[PDB]
Amino acid sequence: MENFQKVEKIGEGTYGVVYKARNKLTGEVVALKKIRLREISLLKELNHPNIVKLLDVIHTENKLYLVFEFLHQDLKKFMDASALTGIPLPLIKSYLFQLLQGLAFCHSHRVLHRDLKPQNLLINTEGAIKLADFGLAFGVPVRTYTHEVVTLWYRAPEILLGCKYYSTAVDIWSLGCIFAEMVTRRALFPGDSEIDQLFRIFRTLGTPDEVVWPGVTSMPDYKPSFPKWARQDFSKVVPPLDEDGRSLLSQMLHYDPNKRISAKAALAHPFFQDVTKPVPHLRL
Ligand SMILES: COc1ccc(F)c(F)c1C(=O)c1cnc(NC2CCN(S(C)(=O)=O)CC2)nc1N
């Protein structure tokens with residue numbers, strides 16, 4: 001990376017440290033992911049307006065560097081700055097639509113993100129929002145990485161129940177959780193452990209059974225001993241979101257991965273009949 005000048009450290013993940021850096025050859029400002037030591041090469045071709053562009057992939061001396069286009073802020077920071085007032089519905093709708101477009105795209109190419117969450121959604125002054133840090137199906141764990149409370153909050157139930165070969169539906173679930181959070185200004189299922197996460201989901205949506213989710217009782221980590229919670233009134237979940245929004249959210253949160261709405265179909269939902277592209281006011 002002799003052609004890269006580090007500007008400042010942005011953060012640390014479980015297996016990689018991220019830096020804001022400058023490309024001496026292009027003058028370009030980028031984000032660098034340093035991982036201590038093929039599927040990645042395919043990501044370099046997964047180009048979309050709503051996917052953070054992977055500019056370069058460099059493997060040198062037991063070190064793997066991923067060079068990404070730089071964006072100044074993530075959705076998490078923006079929501080916090082908008083906690084007092086709340087992100088205007090038009091903008092929430094625009095962000096949801098754009099991400100659904102991004103997912104419709106990657107899913108059509110058989111690529112799953114696997115770890116959607118506010119901090120993995122980057123935004124710019126142009127009103128765009130992009131999917132970042134796509135996850136694989138490796139490297140030396142960063143010893144100094146600090147635990148993050150939001151880590152499991154967006155995990156689909158099939159992952160928590162031990163599904164080994166989950167589908168693109170996991171991303172829809174995660175996005176649905178993010179949608180709910182933008183609307184209510186509070187995480188939907190803030191669990192701090194896998195079982196707590198599962199039970200928080202169960203408490204709201206009801207403990208799944210063969211009726212609503214065929215095959216759920218045969219899943220790896222399913223336990224007949226799970227407490228039985230009855231699904232609560234859905235109007236209680238994201239007030240004061242309108243029925244178009246609640247309807248879409250309910251379809252994004254279906255327990256059965258096969259019944260959960262696809263990104264492609266979601267784009268056609270009535271909720272987006274009046275979708276527009278507002279300009280957010282960002283403080284950088
Ligand atoms: C979340 O995105 C990533 C996650 C892991 C990783 F290894 C990465 F390289 C990225 C990544 O591509 C990436 C990370 N950060 C940034 N810019 C930061 C600047 C600070 N804002 S802030 C705190 O002011 O809101 C948050 C976004 N731009 C990027 N392009």
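Ligands are counted one by one from 1 in listed order, and the atoms in each one are counted from 1 as well. We're numbering straight along the sequence, starting at 1.
- The part of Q119 lying near ligand 1 is the backbone, judged by heavy-atom distances below 4.0 Å.
- Atoms of ligand 1 lying under 4.0 Å from at least one heavy atom of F70, given by number and element, are 17 (N), 19 (C).
- Close contacts between ligand 1 and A31 involve ligand atoms 13 (C), 28 (N), 29 (C), 30 (N) [criterion: under 4.0 Å to a heavy atom].
- Cation-pi check for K33 over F68 is not met; the charged atom does not lie both under 6.0 angstrom from the ring centroid and within 45 degrees of its normal.
- Applying the 4.5 Å side-chain rule to ILVMFWY residues, one finds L112, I159, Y166 in the same cluster as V170.
- The pair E158-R260 meets the salt-bridge criterion, since a charged nitrogen lies less than 4.0 angstrom from a carboxylate oxygen.
- Between the side chains of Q251 and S247, not a single donor N or O lies within less than 3.5 Å of an accepting N or O.
- Under the 6.0 Å distance and 45° angle rule, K93 counts as a cation-pi partner of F271.
- Interface of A132 with ligand 1, defined as ligand atoms under 4.0 Å from a residue heavy atom, comprises 2 (O).
- For ligand 1, the atoms sitting less than 4.0 Å from at least one non-hydrogen atom of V52 are 30 (N), numbered in the order shown with element in parentheses.
- Under 4.0 Å from ligand 1, heavy atoms of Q73 appear from its side chain as well as its backbone.
- Each of the following atoms of ligand 1 lies closer than 4.0 Å to a heavy atom of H72: 19 (C), 20 (C), 21 (N), 22 (S), 24 (O).
- Counting heavy atoms only, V18 comes closest to atom 10 (C) of ligand 1 of the residues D80, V18, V67, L71.
- Cluster annotation: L152 is not connected to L116 through the hydrophobic network of ILVMFWY side chains, with a link wherever side-chain heavy atoms come within less than 4.5 Å.
- With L131 as the fixed residue, the side-chain contact (heavy atoms from CB on, under 4.5 Å) test singles out one of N50, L46, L103, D171: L103.
- Applying the 4.0 Å criterion to heavy atoms of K77 picks out, from ligand 1, the atoms 22 (S), 24 (O), 25 (O).
- Scanning the protein heavy atoms around atom 7 (F) of ligand 1, the nearest turns out to be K33 CD, 2.9 Å.
- Partner of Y154 under the side-chain hydrogen bond (donor to acceptor under 3.5 Å, both in side chains) criterion, chosen from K117, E181, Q197: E181.
- Here is the list of ligand 1 atoms found below 4.0 Å of a heavy atom in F68: 9 (F), 12 (O), 30 (N).
- Relative orientation of the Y255 and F202 rings is perpendicular, given thresholds of 30° and 60° on the angle between their planes.
- Closest to atom 23 (C) of ligand 1 among all protein heavy atoms lies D74 OD2, 3.9 Å.
- Aromatic ring orientation, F199 versus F226: perpendicular (interplanar angle above 60°, classes split at 30° and 60°).
- In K76, neither the side chain nor the backbone holds a heavy atom less than 4.0 Å from any atom of ligand 1.
- Each of the following atoms of ligand 1 lies closer than 4.0 Å to a heavy atom of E69: 29 (C), 30 (N).
- The heavy atom nearest to atom 5 (C) of ligand 1, considering only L284, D133, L55, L75, is found in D133.
- Contact annotation for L122 and ligand 1: only side-chain heavy atoms (C-beta onward) come within less than 4.0 Å of the ligand.
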